[PDB]
Amino acid sequence: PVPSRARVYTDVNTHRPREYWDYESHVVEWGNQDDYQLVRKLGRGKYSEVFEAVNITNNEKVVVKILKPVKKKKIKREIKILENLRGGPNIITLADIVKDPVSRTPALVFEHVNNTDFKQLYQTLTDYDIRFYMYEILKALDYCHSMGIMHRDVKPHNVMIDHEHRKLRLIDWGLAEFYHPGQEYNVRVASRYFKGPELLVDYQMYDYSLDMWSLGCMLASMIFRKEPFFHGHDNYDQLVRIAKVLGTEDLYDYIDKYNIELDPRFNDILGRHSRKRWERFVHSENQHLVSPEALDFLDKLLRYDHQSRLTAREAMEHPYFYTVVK
């Protein structure tokens, strides 16, 4: 396996004090439990129950995430990432961190954002709406990459949209990591439909560009109205359905370039496939969302070679966003 480096923000953490990325030695400063009053449940998560609440101290609208017991190392990482990124554009802000003195169980308190069900939301988005919100997610990603942090779970579930106020937040940093040039990460880190080829072929020296693939998947679902775009049945099958769109030739070039040991179990399932034109996924029900610049932007995000992909700031430059600059 040939080593790899991020083309941007390569050395952010290299020139940052230990205290910035050494989340393990980070000490949490707790708030008061009794400062918060629960109002409504917002639904079950896999690792937390989420409640609508109010800070009775200053009457601020809050959301509290009551955590299920999980390894504390993981939550310390999330907290330190949240703290390092606070104030950033379209980054959810951690307001406070509290603990229940009777049950010991911790809970994270975030700013309230009024979220619309994304399933019904993408169904009504205008051409401008896709560009605008895409430009907003980009803001959060460039910011967080510039702070030496990969999100690693970019997907519609983790994007809070308040449509009436056209306000967007990137949430759920529980999988996020600090980028260190040369470091090998574990690849079991995204949601299936949003995993980058680098994860699926078990290439460990990845970077911020992973998020840009995921953001690519989101764009493909929005402009084509096919959510999710790559609907694989498992990790192996996920690559196959990517290969069915991007082609097997560029996939094999990708492994060769990085001297990747492709899992022997891929031998009978990949086959041969050609690069499809993006205009093939265009029909009369989604046509109004698709423009030449949209298809160019997408093609420059969905590529096997993670180094080839547009960086977040390079993506903000694209023709596709020329109207959303006002």
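Of the residues making up region 119-132, not a single one is in contact (Cβ under 8 Å) with a residue 24 or more places away in the chain, under 15 Å from the mean Cα position of the chain (by Cα), assigned by CATH to the domain that holds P17 and assigned to a helix (DSSP H, G or I). Filtering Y9, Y20, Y47 for residues that are under 30 Å from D263 (Cβ atoms), touching a residue at least 24 places away in the same chain (Cβ under 8 Å) and of a type outside the set (D, E) leaves a single hit, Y47.
For region 160-178, the set of residues classified as part of a strand (DSSP E or B), under 15 Å from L215 (Cα atoms) and in contact with a helix residue (DSSP H, G or I) (Cβ under 6 Å, 6 or more places away or on another chain) consists of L168, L170, listed by residue number.
Among the residues of region 90-111, those that are surrounded by 16 or more Cβ atoms within 10 Å (Cβ to Cβ) and part of a loop (DSSP other than H, G, I, E, B) comprise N90, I92.
Filter region 261-296 down to residues that are more than 23 Å from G232 (Cβ to Cβ) and within 24 Å of the chain's Cα centre (by Cα), then give me how many there are. Residues in region 261-296 being more than 23 Å from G232 (Cβ to Cβ) and within 24 Å of the chain's Cα centre (by Cα): 5 in total. For region 293-307, what are the residues that are over 16 Å from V245 (Cβ atoms) and assigned to a loop (DSSP other than H, G, I, E, B)? Once the filter is applied, which keeps residues that are over 16 Å from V245 (Cβ atoms) and assigned to a loop (DSSP other than H, G, I, E, B), region 293-307 yields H306, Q307. Within region 194-220, the only residue that satisfies the criterion of being surrounded by fewer than 19 Cβ atoms within 10 Å (Cβ to Cβ) and either without any contact (Cβ under 8 Å) to a residue 24 or more places away in the chain or under 18 Å from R241 (Cα atoms) (or both) is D202. Would you be able to say whether some residue in region 278-292 is exposed (fewer than 15 other Cβ atoms within 10 Å of the Cβ), out of contact with any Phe, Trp or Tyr (no Cβ under 7 Å at 6 or more places or on another chain) and within 30 Å of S4 (Cβ to Cβ)? No, region 278-292 has no match at all. Criterion first (out of contact with any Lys or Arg (no Cβ under 9 Å at 6 or more places or on another chain) and either under 21 Å from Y179 (Cβ atoms) or not assigned by CATH to the domain that holds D162 (or both)) does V50 satisfy it? No.
Out of all the residues in region 1-45, which are among the polar types (S, T, N, Q) and crowded, with 16+ Cβ neighbours inside 10 Å? Answer for region 1-45, where residues must be among the polar types (S, T, N, Q) and crowded, with 16+ Cβ neighbours inside 10 Å: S4, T10, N13. Filtering region 204-248 down to residues that are among the hydroxyl-bearing types (S, T, Y) and more than 20 Å from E279 (Cβ to Cβ), which residue is farthest from the chain's Cα centre (by Cα)? Here the answer is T248.
Just one of the numbered conditions (1) aromatic (F, W, Y); (2) in a loop (DSSP other than H, G, I, E, B); (3) touching an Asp or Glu at 6+ places or on another chain (Cβ under 9 Å) is not true of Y236: (2).
Residues in region 179-186: is at least one in a helix (DSSP H, G or I) and under 22 Å from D11 (Cβ atoms)? The answer is no, given that none of the residues of region 179-186 is in a helix (DSSP H, G or I) and under 22 Å from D11 (Cβ atoms).
Selection over region 8-57 of residues that are assigned to a loop (DSSP other than H, G, I, E, B), farther than 26 Å from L141 by Cα and polar (S, T, N, Q) gives a count of 2. Candidates in region 135-192 are the residues that are surrounded by fewer than 18 Cβ atoms within 10 Å (Cβ to Cβ) and among the polar types (S, T, N, Q); of these, the one that is nearest to the chain's Cα centre (by Cα) is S191. Scan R152, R188, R166 and give me the residue that is without any contact (Cβ under 8 Å) to a residue 40 or more places away in the chain, in the same structural domain as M218 (by CATH) and out of contact with any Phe, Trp or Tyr (no Cβ under 8 Å at 6 or more places or on another chain). Every option except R188 fails the conditions.
Each row is one residue, and each column tells you yes or no for (1) closer than 19 Å to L141 by Cα; (2) touching a residue at least 24 places away in the same chain (Cβ under 8 Å).
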| site | (1), (2) |
| --- | --- |
| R241 | no, no |
| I255 | no, yes |
| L262 | no, yes |
| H273 | no, yes |
| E317 | yes, no |
| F321 | yes, yes |
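Heads up, the Cβs are rebuilt from the backbone with ideal geometry, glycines too, and the neighbour counts pull from every protein chain shown. What is reported rests on the model, the rules as stated and the sources as named; no laboratory read-out is quoted.
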